[PDB]
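One chain is shown next in structure tokens, namely the form deposited in one PDB entry.
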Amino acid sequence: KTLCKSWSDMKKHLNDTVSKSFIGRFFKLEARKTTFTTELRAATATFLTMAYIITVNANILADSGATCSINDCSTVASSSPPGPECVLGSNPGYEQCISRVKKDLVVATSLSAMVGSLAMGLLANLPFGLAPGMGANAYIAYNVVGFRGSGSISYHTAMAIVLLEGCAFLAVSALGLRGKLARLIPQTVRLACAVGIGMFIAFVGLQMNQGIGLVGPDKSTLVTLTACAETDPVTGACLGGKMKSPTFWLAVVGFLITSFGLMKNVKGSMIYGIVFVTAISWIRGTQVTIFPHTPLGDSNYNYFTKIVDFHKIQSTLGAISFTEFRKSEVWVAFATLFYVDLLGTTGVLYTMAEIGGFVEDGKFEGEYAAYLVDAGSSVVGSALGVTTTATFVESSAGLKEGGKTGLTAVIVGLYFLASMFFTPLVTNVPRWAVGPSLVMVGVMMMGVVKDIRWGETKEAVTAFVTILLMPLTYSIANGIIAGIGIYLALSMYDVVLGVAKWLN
């Protein structure tokens, strides 16, 4: 009929008047042959494969106990609450503190993914998006700061490391010291570190108080399968009954329809696994509720019955303190976070330049203004309370549908503006819904393990120690250090002595 004919000739005309206006001259839409309409399809598919890190990042930096401390705890029958009693849960005053910080990290992630993505398109003309990157969320929140105020480094110092690393990554890039520096790292340590982070981030998404709750303590094997139904109220311990938890099996169904959606190539599928096992866990009354009948849960439901809200940052705003940079374990956390960002935004940003055909004999057309926008956005992301940004590989779903200019990245920046207003629906995602989303990240990073040269022995001993010691010793710093230490001693003690025997 002429109904679709009246629909098709308008899209032949709306794509002309955009290119005949001024906005086609800035983004250069005449060359880089494309139209206005197929840029909008390139940014819709980029956002849906990227919309999961708006909730994963909030539910993983609220476990850090961001600004809640011992002073704003509750009052009990004693004269004063002691040290470790408040920060392990079951409190009227501390749990209402941490419900006002997760509302300040959903807004602070959209405002960090706006500025990173909206400044990528306007300054570099490149079709990809930015957000706080996955992989360095778990290093700061679980290994530097730790689960609810553990560890040694406070959260105010951890947001000062991101500034001083962010300013160290502009002025190692503006001088030209990148190809001199990144090629110094060998291929096997660079490639096996991305596998071990994928196994650390999935062992996070299995524990009792972190994600679903499979693994647990044991007094002779040091880890065992619990999955227990009736557990301890105060702490997490198995009282009895294995594999019959209604919060465990509802999370497995979310893990299947995420994986049954990735095959058959549904673009956004990790967002539909989160929405399905959340929309069951909102009905009051069941055993899988996030809304119980406690006074600690009536305040979340009375905020849920309104579906939109304009919420402002008020707790985890600019909070920096350089008054702790004169001890030892601050700089070790500095040299680790400088290491994992140098290898994250180097192998990705050039690989996403050869898809779509930007590249010539080196030096694609947005080289110099993409290393700095990816670096300055960690500085503006550190004042707002979140971690470093990274150019996402999910942005490839927009490279395979015809996005080639910077109008892709501006529209991606405008869905994050249209998703900070839905704050009452995003703070209320349960921690067993975000569990399988931390496991499918580990599936997609282990897919690079078929490029490690397992033929030679020195390349396989170095790659095995780095992969193994990251999820076991519960440390990312103990896999980077114990990989370089094996790679030198197997190599320096015969080759370097042999070169120094012949160079003189």
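A residue's number is simply how far along the shown sequence it sits, counting from 1.
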property: Cross-entry absence of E401, a third or more of other PDB entries; result: no
property: No coordinates for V76 in a third or more of the other PDB entries; result: yes
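From this point on, the text means the form deposited in another entry, which you will not see here.
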{"query": "Rigid-part match between the shown form and the other one, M159 vs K20", "finding": "yes"}
{"query": "Note on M50-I467 C-alpha separation in the other form, which departs from the shown form by 3 angstroms or more", "finding": "closer"}
{"query": "Note on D63-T278 C-alpha separation in the other form, which departs from the shown form by 3 angstroms or more", "finding": "farther"}
